[PDB]
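**Q** Can you read through this structure? Questions will come right after.
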Protein chains: 2
Amino acid sequence: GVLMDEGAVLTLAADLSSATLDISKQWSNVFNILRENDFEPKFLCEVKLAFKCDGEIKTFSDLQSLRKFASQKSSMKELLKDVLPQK
Amino acid sequence: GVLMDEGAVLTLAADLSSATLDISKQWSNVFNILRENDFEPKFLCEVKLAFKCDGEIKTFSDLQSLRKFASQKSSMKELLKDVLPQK
């Protein structure tokens with residue numbers, strides 16, 4: 001597509017505690033046929049946080065990496081001091 | 001951990017149409033602080049189908065690749081003929 005593929009963007013609940021994924025009926029059917037014929041299918045999910053920092057898109061999967069990156073920027077270091085781990 | 005990391009395994013709805021993701025309260029807080037301070041945060045999601053085939057774990061993100069792989073195996077070719085695209 002025209003836009004840069006970054007993967008599926010999650011729509012969070014009001015309380016930002018959960019998000020719901022909708023599966024393509026075609027992939028649901030593929031899943032059921034595989035399940036019924038003993039292939040033990042599973043849908044695997046990989047989630048990352050992304051945001052626009054200086055002029056770039058930064059992505060993170062673990063808070064220690066986010067902490068290391070934010071430590072380098074005055075625009076973030078004090079902001080996330082109370083959320084991020086003290087390790 | 002002790003088990004092989006394959007990413008998060010989705011728990012599908014009875015009708016296999018949807019699945020719900022639960023977000024870590026710590027990452028929810030990181031998200032809200034970033035949102036409020038104009039970082040335009042988003043959680044990006046990448047989903048793959050995985051199953052045990054002969055003795056391996058095969059993963060797929062597009063049906064044409066699944067069709068090409070299943071075409072090679074008699075154990076799958078006729079099974080998915082009606083689900084997978086005819087391309």
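To be explicit about the labels: the chains of the structure tokens are called A, B, and onward in the order shown, and within each one the residues are counted from 1, while ligands get numbers from 1 in the order they are shown.
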For the interface of chain A with chain B (cut-off 7 Å, counting only C-alpha atoms), please tabulate each contacting residue of chain A alongside its nearest pair of atoms and their separation in Å to one decimal, rows sorted by chain and increasing number, as a Markdown table.

**A**
| residue | atom | partner | partner_atom | distance |
| --- | --- | --- | --- | --- |
| A:6 | CA | B:44 | CA | 6.8 |
| A:7 | CA | B:45 | CA | 5.5 |
| A:8 | CA | B:45 | CA | 4.8 |
| A:9 | CA | B:44 | CA | 4.9 |
| A:10 | CA | B:43 | CA | 5.6 |
| A:16 | CA | B:28 | CA | 5.9 |
| A:17 | CA | B:23 | CA | 5.3 |
| A:18 | CA | B:22 | CA | 4.6 |
| A:19 | CA | B:21 | CA | 5.4 |
| A:20 | CA | B:20 | CA | 4.6 |
| A:21 | CA | B:19 | CA | 5.4 |
| A:22 | CA | B:18 | CA | 4.6 |
| A:23 | CA | B:17 | CA | 5.3 |
| A:25 | CA | B:17 | CA | 6.7 |
| A:26 | CA | B:83 | CA | 6.9 |
| A:28 | CA | B:16 | CA | 5.9 |
| A:29 | CA | B:83 | CA | 6.9 |
| A:30 | CA | B:83 | CA | 6.3 |
| A:39 | CA | B:52 | CA | 5.7 |
| A:40 | CA | B:51 | CA | 5.9 |
| A:41 | CA | B:51 | CA | 4.6 |
| A:42 | CA | B:50 | CA | 5.4 |
| A:43 | CA | B:49 | CA | 4.6 |
| A:44 | CA | B:9 | CA | 4.9 |
| A:45 | CA | B:47 | CA | 4.7 |
| A:46 | CA | B:46 | CA | 5.2 |
| A:47 | CA | B:45 | CA | 4.7 |
| A:48 | CA | B:44 | CA | 5.3 |
| A:49 | CA | B:43 | CA | 4.6 |
| A:50 | CA | B:42 | CA | 5.4 |
| A:51 | CA | B:41 | CA | 4.6 |
| A:52 | CA | B:39 | CA | 5.7 |
| A:53 | CA | B:39 | CA | 6.7 |
| A:83 | CA | B:30 | CA | 6.3 |

**Q** Any chance you can output those residues with N, CA, C and O atoms as a compact mmCIF listing (two decimals), in the first residue's frame?

**A**
# COMPACT_ATOMS: atom_id res chain seq x y z
N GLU A 6 3.71 -0.73 8.97
CA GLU A 6 4.27 -0.75 10.32
C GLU A 6 3.63 -1.87 11.12
O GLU A 6 3.99 -2.11 12.28
N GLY A 7 2.70 -2.57 10.49
CA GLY A 7 1.92 -3.61 11.13
C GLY A 7 0.58 -3.02 11.53
O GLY A 7 0.30 -1.85 11.24
N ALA A 8 -0.26 -3.83 12.21
CA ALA A 8 -1.59 -3.41 12.62
C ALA A 8 -1.56 -2.52 13.84
O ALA A 8 -0.96 -2.86 14.87
N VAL A 9 -2.24 -1.38 13.75
CA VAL A 9 -2.33 -0.43 14.85
C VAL A 9 -3.51 -0.85 15.73
O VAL A 9 -4.65 -0.98 15.24
N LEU A 10 -3.23 -1.04 17.03
CA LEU A 10 -4.23 -1.45 18.02
C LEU A 10 -5.15 -0.30 18.44
O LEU A 10 -4.71 0.83 18.55
N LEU A 16 -7.35 1.92 28.53
CA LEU A 16 -6.06 1.57 27.89
C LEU A 16 -5.48 0.24 28.42
O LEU A 16 -4.28 0.01 28.33
N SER A 17 -6.36 -0.62 28.94
CA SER A 17 -6.02 -1.90 29.55
C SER A 17 -6.05 -3.06 28.56
O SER A 17 -5.38 -4.07 28.79
N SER A 18 -6.85 -2.95 27.49
CA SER A 18 -7.02 -4.00 26.48
C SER A 18 -7.27 -3.44 25.08
O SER A 18 -7.48 -2.24 24.92
N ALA A 19 -7.24 -4.33 24.07
CA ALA A 19 -7.50 -4.03 22.65
C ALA A 19 -8.03 -5.28 21.98
O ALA A 19 -7.60 -6.39 22.35
N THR A 20 -8.95 -5.15 21.01
CA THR A 20 -9.49 -6.35 20.37
C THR A 20 -9.06 -6.46 18.90
O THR A 20 -9.22 -5.51 18.13
N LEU A 21 -8.56 -7.66 18.53
CA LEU A 21 -8.15 -8.04 17.18
C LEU A 21 -9.28 -8.73 16.43
O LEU A 21 -9.90 -9.63 16.99
N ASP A 22 -9.52 -8.34 15.18
CA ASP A 22 -10.55 -8.98 14.32
C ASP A 22 -9.85 -9.85 13.28
O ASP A 22 -8.99 -9.35 12.55
N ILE A 23 -10.19 -11.14 13.22
CA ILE A 23 -9.53 -12.05 12.27
C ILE A 23 -10.34 -12.22 11.00
O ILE A 23 -11.56 -12.42 11.03
N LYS A 25 -12.13 -13.72 8.04
CA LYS A 25 -12.90 -14.98 7.93
C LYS A 25 -12.14 -16.05 7.14
O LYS A 25 -12.22 -17.23 7.52
N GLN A 26 -11.36 -15.65 6.12
CA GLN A 26 -10.61 -16.65 5.35
C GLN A 26 -9.57 -17.38 6.23
O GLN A 26 -9.48 -18.60 6.18
N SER A 28 -9.71 -17.56 9.52
CA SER A 28 -10.47 -18.27 10.55
C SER A 28 -10.81 -19.68 10.03
O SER A 28 -10.67 -20.67 10.76
N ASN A 29 -11.21 -19.78 8.74
CA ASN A 29 -11.56 -21.05 8.11
C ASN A 29 -10.31 -21.93 8.00
O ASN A 29 -10.36 -23.09 8.41
N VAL A 30 -9.18 -21.35 7.53
CA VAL A 30 -7.90 -22.06 7.42
C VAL A 30 -7.57 -22.64 8.79
O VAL A 30 -7.22 -23.82 8.88
N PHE A 39 -3.45 -30.34 13.42
CA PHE A 39 -2.24 -29.57 13.14
C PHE A 39 -1.88 -28.66 14.32
O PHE A 39 -0.82 -28.02 14.31
N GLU A 40 -2.76 -28.64 15.36
CA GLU A 40 -2.63 -27.83 16.58
C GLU A 40 -2.25 -26.36 16.20
O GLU A 40 -1.16 -25.87 16.57
N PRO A 41 -3.11 -25.66 15.39
CA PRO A 41 -2.76 -24.30 14.96
C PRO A 41 -2.89 -23.27 16.06
O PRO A 41 -3.70 -23.42 16.97
N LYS A 42 -2.10 -22.21 15.93
CA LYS A 42 -2.09 -21.10 16.87
C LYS A 42 -1.74 -19.82 16.12
O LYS A 42 -0.98 -19.83 15.13
N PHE A 43 -2.31 -18.71 16.57
CA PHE A 43 -1.98 -17.41 16.01
C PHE A 43 -1.05 -16.73 16.96
O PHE A 43 -1.38 -16.54 18.14
N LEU A 44 0.14 -16.41 16.47
CA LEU A 44 1.20 -15.79 17.24
C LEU A 44 1.21 -14.31 17.00
O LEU A 44 1.03 -13.83 15.88
N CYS A 45 1.41 -13.59 18.07
CA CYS A 45 1.32 -12.15 18.11
C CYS A 45 2.55 -11.52 18.71
O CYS A 45 3.00 -11.94 19.78
N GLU A 46 3.07 -10.47 18.04
CA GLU A 46 4.25 -9.73 18.46
C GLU A 46 3.87 -8.24 18.55
O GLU A 46 3.48 -7.65 17.54
N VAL A 47 3.95 -7.66 19.77
CA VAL A 47 3.54 -6.26 19.98
C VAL A 47 4.72 -5.37 20.36
O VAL A 47 5.52 -5.72 21.21
N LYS A 48 4.81 -4.19 19.71
CA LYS A 48 5.83 -3.17 19.94
C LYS A 48 5.14 -1.81 20.14
O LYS A 48 4.03 -1.58 19.63
N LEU A 49 5.79 -0.91 20.88
CA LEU A 49 5.32 0.46 21.05
C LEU A 49 6.07 1.36 20.07
O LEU A 49 7.31 1.28 19.98
N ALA A 50 5.35 2.20 19.34
CA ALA A 50 6.02 3.11 18.44
C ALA A 50 5.54 4.52 18.67
O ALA A 50 4.36 4.73 19.01
N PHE A 51 6.45 5.49 18.48
CA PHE A 51 6.16 6.91 18.63
C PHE A 51 7.15 7.76 17.82
O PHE A 51 8.27 7.32 17.52
N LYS A 52 6.71 8.98 17.49
CA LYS A 52 7.53 9.94 16.77
C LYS A 52 8.36 10.67 17.80
O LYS A 52 7.81 11.28 18.72
N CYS A 53 9.69 10.55 17.71
CA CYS A 53 10.55 11.21 18.67
C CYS A 53 11.04 12.58 18.14
O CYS A 53 10.29 13.56 18.19
N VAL A 83 7.73 6.13 35.65
CA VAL A 83 7.09 4.95 35.03
C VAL A 83 8.05 3.81 34.84
O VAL A 83 7.77 2.69 35.25

**Q** Using every C-alpha atom paired in order, could you least-squares fit chain A onto chain B and give me the moved chain as a CSV table (one decimal) with N, CA, C and O atoms, in the first residue's frame?

**A**
chain,number,residue,atom,x,y,z
A,1,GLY,N,12.7,-17.4,29.1
A,1,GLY,CA,12.1,-18.5,29.8
A,1,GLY,C,12.4,-19.9,29.2
A,1,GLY,O,13.1,-20.0,28.2
A,2,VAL,N,12.0,-21.0,30.0
A,2,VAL,CA,12.3,-22.4,29.7
A,2,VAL,C,11.7,-22.8,28.3
A,2,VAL,O,12.4,-23.5,27.5
A,3,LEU,N,10.6,-22.2,27.9
A,3,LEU,CA,10.0,-22.6,26.7
A,3,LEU,C,10.5,-21.6,25.6
A,3,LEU,O,10.8,-20.5,25.9
A,4,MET,N,10.5,-22.1,24.4
A,4,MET,CA,10.9,-21.4,23.2
A,4,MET,C,9.9,-20.2,22.9
A,4,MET,O,8.7,-20.3,22.9
A,5,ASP,N,10.5,-19.0,22.8
A,5,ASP,CA,9.7,-17.8,22.6
A,5,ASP,C,9.2,-17.7,21.2
A,5,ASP,O,10.0,-17.5,20.3
A,6,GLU,N,7.9,-17.8,21.0
A,6,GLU,CA,7.3,-17.7,19.7
A,6,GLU,C,6.4,-16.5,19.6
A,6,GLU,O,5.8,-16.2,18.5
A,7,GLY,N,6.3,-15.7,20.7
A,7,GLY,CA,5.5,-14.6,20.8
A,7,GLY,C,4.2,-15.0,21.5
A,7,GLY,O,4.1,-16.1,22.0
A,8,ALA,N,3.3,-14.0,21.7
A,8,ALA,CA,2.0,-14.3,22.4
A,8,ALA,C,1.0,-15.1,21.6
A,8,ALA,O,0.7,-14.8,20.5
A,9,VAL,N,0.5,-16.1,22.3
A,9,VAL,CA,-0.5,-17.0,21.6
A,9,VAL,C,-1.9,-16.4,21.9
A,9,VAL,O,-2.2,-16.2,23.1
A,10,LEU,N,-2.6,-16.2,20.8
A,10,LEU,CA,-4.0,-15.6,20.9
A,10,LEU,C,-5.0,-16.6,21.4
A,10,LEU,O,-5.0,-17.8,21.0
A,11,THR,N,-6.0,-16.1,22.2
A,11,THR,CA,-7.1,-16.9,22.6
A,11,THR,C,-8.3,-16.4,21.9
A,11,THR,O,-8.7,-15.3,22.1
A,12,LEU,N,-8.7,-17.2,20.9
A,12,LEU,CA,-9.8,-16.8,20.0
A,12,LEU,C,-11.2,-17.0,20.7
A,12,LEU,O,-11.4,-17.8,21.6
A,13,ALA,N,-12.1,-16.2,20.1
A,13,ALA,CA,-13.5,-16.3,20.5
A,13,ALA,C,-14.1,-17.6,20.0
A,13,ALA,O,-13.5,-18.2,19.1
A,14,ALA,N,-15.2,-18.0,20.5
A,14,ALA,CA,-15.9,-19.3,20.2
A,14,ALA,C,-16.0,-19.4,18.6
A,14,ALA,O,-15.6,-20.4,18.1
A,15,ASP,N,-16.5,-18.3,18.0
A,15,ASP,CA,-16.7,-18.3,16.5
A,15,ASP,C,-15.4,-18.1,15.7
A,15,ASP,O,-15.5,-18.0,14.5
A,16,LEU,N,-14.3,-18.0,16.4
A,16,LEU,CA,-12.9,-17.8,15.9
A,16,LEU,C,-12.8,-16.5,15.0
A,16,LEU,O,-11.9,-16.5,14.2
A,17,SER,N,-13.6,-15.6,15.3
A,17,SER,CA,-13.7,-14.3,14.6
A,17,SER,C,-12.8,-13.2,15.2
A,17,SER,O,-12.4,-12.3,14.5
A,18,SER,N,-12.6,-13.3,16.5
A,18,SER,CA,-11.8,-12.3,17.2
A,18,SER,C,-11.0,-12.9,18.4
A,18,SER,O,-11.2,-14.0,18.7
A,19,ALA,N,-10.1,-12.0,19.0
A,19,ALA,CA,-9.3,-12.4,20.1
A,19,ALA,C,-8.9,-11.1,20.9
A,19,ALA,O,-8.8,-10.0,20.3
A,20,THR,N,-8.8,-11.2,22.2
A,20,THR,CA,-8.6,-10.0,23.0
A,20,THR,C,-7.2,-10.0,23.6
A,20,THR,O,-6.8,-10.9,24.3
A,21,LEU,N,-6.4,-8.9,23.4
A,21,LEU,CA,-5.1,-8.6,24.0
A,21,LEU,C,-5.2,-7.8,25.3
A,21,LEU,O,-5.9,-6.9,25.4
A,22,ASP,N,-4.5,-8.3,26.4
A,22,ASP,CA,-4.4,-7.6,27.7
A,22,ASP,C,-3.1,-6.8,27.8
A,22,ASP,O,-2.0,-7.5,27.6
A,23,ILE,N,-3.1,-5.5,28.0
A,23,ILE,CA,-1.9,-4.8,28.1
A,23,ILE,C,-1.4,-4.6,29.5
A,23,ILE,O,-2.2,-4.2,30.4
A,24,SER,N,-0.1,-4.8,29.7
A,24,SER,CA,0.6,-4.6,31.0
A,24,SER,C,0.3,-3.2,31.5
A,24,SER,O,0.6,-2.2,30.7
A,25,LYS,N,-0.2,-3.0,32.7
A,25,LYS,CA,-0.5,-1.7,33.3
A,25,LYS,C,0.7,-0.8,33.2
A,25,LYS,O,0.6,0.4,33.0
A,26,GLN,N,2.0,-1.3,33.3
A,26,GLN,CA,3.2,-0.4,33.2
A,26,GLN,C,3.3,0.2,31.8
A,26,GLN,O,3.5,1.4,31.7
A,27,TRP,N,3.0,-0.6,30.8
A,27,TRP,CA,3.1,-0.1,29.4
A,27,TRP,C,1.9,0.8,29.1
A,27,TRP,O,2.0,1.7,28.2
A,28,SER,N,0.7,0.6,29.7
A,28,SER,CA,-0.4,1.4,29.6
A,28,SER,C,-0.1,2.8,30.1
A,28,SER,O,-0.4,3.8,29.5
A,29,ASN,N,0.6,2.9,31.3
A,29,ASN,CA,1.0,4.2,31.9
A,29,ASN,C,2.0,4.9,31.0
A,29,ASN,O,1.8,6.1,30.7
A,30,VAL,N,3.0,4.2,30.5
A,30,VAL,CA,4.0,4.7,29.5
A,30,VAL,C,3.3,5.3,28.4
A,30,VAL,O,3.6,6.4,28.0
A,31,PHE,N,2.3,4.6,27.8
A,31,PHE,CA,1.5,5.0,26.7
A,31,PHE,C,0.8,6.4,27.0
A,31,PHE,O,1.0,7.3,26.3
A,32,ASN,N,0.0,6.4,28.1
A,32,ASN,CA,-0.7,7.6,28.5
A,32,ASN,C,0.2,8.9,28.7
A,32,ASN,O,-0.1,9.9,28.1
A,33,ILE,N,1.4,8.7,29.4
A,33,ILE,CA,2.3,9.8,29.5
A,33,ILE,C,2.8,10.4,28.2
A,33,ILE,O,2.8,11.6,27.9
A,34,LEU,N,3.2,9.4,27.3
A,34,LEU,CA,3.6,9.8,25.9
A,34,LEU,C,2.5,10.4,25.1
A,34,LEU,O,2.8,11.4,24.4
A,35,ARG,N,1.3,9.9,25.2
A,35,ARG,CA,0.2,10.5,24.5
A,35,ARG,C,-0.1,11.9,24.9
A,35,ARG,O,0.0,12.8,24.1
A,36,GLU,N,-0.2,12.2,26.3
A,36,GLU,CA,-0.4,13.5,26.9
A,36,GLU,C,0.6,14.5,26.5
A,36,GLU,O,0.4,15.7,26.5
A,37,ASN,N,1.9,14.0,26.3
A,37,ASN,CA,3.0,14.9,25.9
A,37,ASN,C,3.3,15.0,24.4
A,37,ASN,O,4.5,15.3,24.1
A,38,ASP,N,2.3,14.7,23.6
A,38,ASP,CA,2.3,14.9,22.1
A,38,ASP,C,3.3,14.0,21.4
A,38,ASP,O,3.9,14.4,20.4
A,39,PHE,N,3.5,12.7,21.8
A,39,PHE,CA,4.4,11.8,21.1
A,39,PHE,C,3.6,10.9,20.1
A,39,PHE,O,4.3,10.1,19.4
A,40,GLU,N,2.3,11.0,20.1
A,40,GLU,CA,1.4,10.3,19.2
A,40,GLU,C,1.7,8.8,19.3
A,40,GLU,O,2.1,8.2,18.2
A,41,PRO,N,1.7,8.1,20.5
A,41,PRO,CA,2.0,6.7,20.6
A,41,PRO,C,1.0,5.8,20.0
A,41,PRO,O,-0.2,6.1,20.0
A,42,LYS,N,1.5,4.6,19.6
A,42,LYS,CA,0.7,3.6,19.0
A,42,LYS,C,1.3,2.2,19.3
A,42,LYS,O,2.5,2.1,19.4
A,43,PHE,N,0.5,1.2,19.5
A,43,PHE,CA,0.9,-0.1,19.7
A,43,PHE,C,0.8,-0.9,18.4
A,43,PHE,O,-0.4,-1.0,17.9
A,44,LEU,N,1.9,-1.4,17.8
A,44,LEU,CA,1.9,-2.1,16.6
A,44,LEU,C,1.9,-3.6,16.8
A,44,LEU,O,2.6,-4.1,17.7
A,45,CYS,N,1.2,-4.2,16.0
A,45,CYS,CA,0.9,-5.6,16.1
A,45,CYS,C,1.2,-6.4,14.8
A,45,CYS,O,0.7,-6.0,13.8
A,46,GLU,N,1.9,-7.5,14.9
A,46,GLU,CA,2.3,-8.4,13.8
A,46,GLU,C,1.8,-9.8,14.1
A,46,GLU,O,2.2,-10.4,15.1
A,47,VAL,N,0.8,-10.3,13.3
A,47,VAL,CA,0.2,-11.7,13.5
A,47,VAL,C,0.6,-12.7,12.4
A,47,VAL,O,0.6,-12.4,11.3
A,48,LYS,N,1.0,-13.9,12.9
A,48,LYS,CA,1.4,-15.0,12.0
A,48,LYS,C,0.6,-16.3,12.5
A,48,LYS,O,0.3,-16.4,13.7
A,49,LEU,N,0.4,-17.2,11.6
A,49,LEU,CA,-0.2,-18.5,11.9
A,49,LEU,C,0.9,-19.5,12.0
A,49,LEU,O,1.8,-19.6,11.1
A,50,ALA,N,0.9,-20.3,13.1
A,50,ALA,CA,1.9,-21.3,13.2
A,50,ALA,C,1.2,-22.7,13.5
A,50,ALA,O,0.2,-22.7,14.2
A,51,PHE,N,1.8,-23.7,13.0
A,51,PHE,CA,1.4,-25.1,13.2
A,51,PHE,C,2.5,-26.1,13.0
A,51,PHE,O,3.5,-25.8,12.4
A,52,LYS,N,2.3,-27.3,13.7
A,52,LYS,CA,3.3,-28.4,13.6
A,52,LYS,C,3.0,-29.1,12.3
A,52,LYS,O,1.8,-29.6,12.1
A,53,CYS,N,3.9,-29.2,11.4
A,53,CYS,CA,3.7,-29.9,10.1
A,53,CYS,C,4.2,-31.3,10.2
A,53,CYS,O,3.6,-32.2,10.8
A,54,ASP,N,5.4,-31.6,9.6
A,54,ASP,CA,5.9,-32.9,9.6
A,54,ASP,C,6.5,-33.2,10.9
A,54,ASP,O,6.0,-34.0,11.7
A,55,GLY,N,7.5,-32.4,11.3
A,55,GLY,CA,8.1,-32.4,12.6
A,55,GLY,C,8.6,-31.1,13.0
A,55,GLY,O,9.4,-30.9,14.0
A,56,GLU,N,8.2,-30.1,12.2
A,56,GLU,CA,8.7,-28.7,12.3
A,56,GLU,C,7.5,-27.7,12.6
A,56,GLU,O,6.3,-28.1,12.5
A,57,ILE,N,7.9,-26.5,13.0
A,57,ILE,CA,6.9,-25.4,13.2
A,57,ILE,C,7.0,-24.5,12.0
A,57,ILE,O,8.1,-24.0,11.7
A,58,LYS,N,5.9,-24.5,11.2
A,58,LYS,CA,5.9,-23.6,10.1
A,58,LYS,C,5.0,-22.4,10.4
A,58,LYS,O,4.0,-22.5,11.0
A,59,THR,N,5.5,-21.2,10.0
A,59,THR,CA,4.7,-19.9,10.2
A,59,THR,C,4.4,-19.2,8.9
A,59,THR,O,5.2,-19.3,7.9
A,60,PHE,N,3.3,-18.6,8.8
A,60,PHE,CA,2.8,-17.9,7.6
A,60,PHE,C,2.1,-16.6,7.9
A,60,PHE,O,1.4,-16.5,8.9
A,61,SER,N,2.2,-15.6,7.0
A,61,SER,CA,1.6,-14.3,7.1
A,61,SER,C,0.8,-14.0,5.9
A,61,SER,O,0.0,-13.0,5.9
A,62,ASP,N,0.9,-14.8,4.8
A,62,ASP,CA,0.1,-14.6,3.6
A,62,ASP,C,-0.3,-15.9,3.0
A,62,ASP,O,0.5,-16.8,2.9
A,63,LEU,N,-1.6,-16.0,2.6
A,63,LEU,CA,-2.1,-17.2,2.1
A,63,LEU,C,-1.5,-17.8,0.8
A,63,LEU,O,-1.5,-19.1,0.7
A,64,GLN,N,-0.8,-17.0,0.0
A,64,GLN,CA,-0.2,-17.5,-1.2
A,64,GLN,C,1.1,-18.3,-0.9
A,64,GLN,O,1.3,-19.3,-1.5
A,65,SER,N,1.8,-18.0,0.2
A,65,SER,CA,2.9,-18.7,0.7
A,65,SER,C,2.5,-20.0,1.3
A,65,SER,O,3.1,-21.0,1.1
A,66,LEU,N,1.3,-20.0,2.1
A,66,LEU,CA,0.7,-21.2,2.7
A,66,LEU,C,0.3,-22.1,1.5
A,66,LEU,O,0.6,-23.3,1.6
A,67,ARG,N,-0.3,-21.5,0.5
A,67,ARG,CA,-0.7,-22.3,-0.7
A,67,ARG,C,0.4,-23.0,-1.4
A,67,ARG,O,0.4,-24.2,-1.8
A,68,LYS,N,1.6,-22.3,-1.6
A,68,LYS,CA,2.8,-22.8,-2.2
A,68,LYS,C,3.4,-23.9,-1.4
A,68,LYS,O,3.7,-25.0,-2.0
A,69,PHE,N,3.5,-23.7,-0.1
A,69,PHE,CA,4.0,-24.7,0.8
A,69,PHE,C,3.1,-26.0,0.9
A,69,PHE,O,3.6,-27.1,0.8
A,70,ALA,N,1.7,-25.8,1.0
A,70,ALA,CA,0.8,-26.9,1.0
A,70,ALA,C,0.7,-27.6,-0.3
A,70,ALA,O,0.4,-28.8,-0.3
A,71,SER,N,1.0,-27.0,-1.4
A,71,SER,CA,1.0,-27.6,-2.8
A,71,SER,C,2.0,-28.7,-2.8
A,71,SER,O,1.7,-29.8,-3.4
A,72,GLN,N,3.2,-28.6,-2.1
A,72,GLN,CA,4.2,-29.5,-2.1
A,72,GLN,C,3.9,-30.8,-1.2
A,72,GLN,O,4.5,-31.8,-1.4
A,73,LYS,N,2.9,-30.6,-0.2
A,73,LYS,CA,2.6,-31.8,0.6
A,73,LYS,C,1.2,-32.3,0.3
A,73,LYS,O,0.2,-31.6,0.4
A,74,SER,N,1.1,-33.7,0.1
A,74,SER,CA,-0.1,-34.4,-0.2
A,74,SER,C,-1.1,-34.4,1.1
A,74,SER,O,-2.3,-34.4,0.9
A,75,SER,N,-0.4,-34.3,2.3
A,75,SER,CA,-1.0,-34.2,3.6
A,75,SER,C,-1.8,-32.9,3.8
A,75,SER,O,-2.4,-32.7,4.9
A,76,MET,N,-1.7,-32.0,2.9
A,76,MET,CA,-2.4,-30.6,3.0
A,76,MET,C,-3.0,-30.1,1.7
A,76,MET,O,-4.0,-29.4,1.8
A,77,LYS,N,-2.4,-30.4,0.5
A,77,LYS,CA,-2.9,-29.9,-0.8
A,77,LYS,C,-4.3,-30.1,-1.0
A,77,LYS,O,-5.0,-29.1,-1.3
A,78,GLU,N,-4.9,-31.3,-0.8
A,78,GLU,CA,-6.3,-31.5,-1.1
A,78,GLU,C,-7.2,-30.9,0.0
A,78,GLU,O,-8.3,-30.4,-0.3
A,79,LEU,N,-6.6,-30.9,1.2
A,79,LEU,CA,-7.3,-30.4,2.4
A,79,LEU,C,-7.7,-28.9,2.3
A,79,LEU,O,-8.9,-28.5,2.6
A,80,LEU,N,-6.8,-28.1,1.9
A,80,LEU,CA,-7.0,-26.7,1.8
A,80,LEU,C,-7.4,-26.1,0.5
A,80,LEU,O,-7.5,-24.9,0.3
A,81,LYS,N,-7.6,-27.0,-0.5
A,81,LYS,CA,-7.9,-26.6,-1.9
A,81,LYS,C,-9.1,-25.6,-2.0
A,81,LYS,O,-9.0,-24.6,-2.8
A,82,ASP,N,-10.1,-25.8,-1.1
A,82,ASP,CA,-11.3,-25.0,-1.0
A,82,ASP,C,-11.2,-23.7,-0.2
A,82,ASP,O,-12.0,-22.8,-0.4
A,83,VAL,N,-10.2,-23.6,0.7
A,83,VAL,CA,-10.0,-22.4,1.5
A,83,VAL,C,-9.1,-21.4,0.9
A,83,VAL,O,-9.5,-20.2,0.7
A,84,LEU,N,-7.9,-21.8,0.6
A,84,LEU,CA,-6.8,-21.0,0.0
A,84,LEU,C,-7.1,-20.5,-1.4
A,84,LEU,O,-7.9,-21.1,-2.1
A,85,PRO,N,-6.5,-19.3,-1.8
A,85,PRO,CA,-6.8,-18.7,-3.1
A,85,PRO,C,-6.3,-19.6,-4.3
A,85,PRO,O,-5.3,-20.3,-4.1
A,86,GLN,N,-7.0,-19.5,-5.4
A,86,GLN,CA,-6.7,-20.3,-6.6
A,86,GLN,C,-5.6,-19.7,-7.5
A,86,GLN,O,-5.3,-20.2,-8.6
A,87,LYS,N,-4.9,-18.6,-7.0
A,87,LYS,CA,-3.8,-17.9,-7.7
A,87,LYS,C,-2.5,-18.8,-7.7
A,87,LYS,O,-2.2,-19.3,-8.8

**Q** Taking the backbone alone, and naming residues the way the document does, which bits of chain A are alpha helix (DSSP H) by DSSP, as an MDAnalysis selection string?

**A** chainID A and resid 25:36 63:72 74:77

**Q** Quick check for you: according to DSSP on this backbone, which residues of chain B are classed as strand (DSSP E)? Reply as a PyMOL selection string.

**A** chain B and resi 8-9+18-22+42-52+57-60
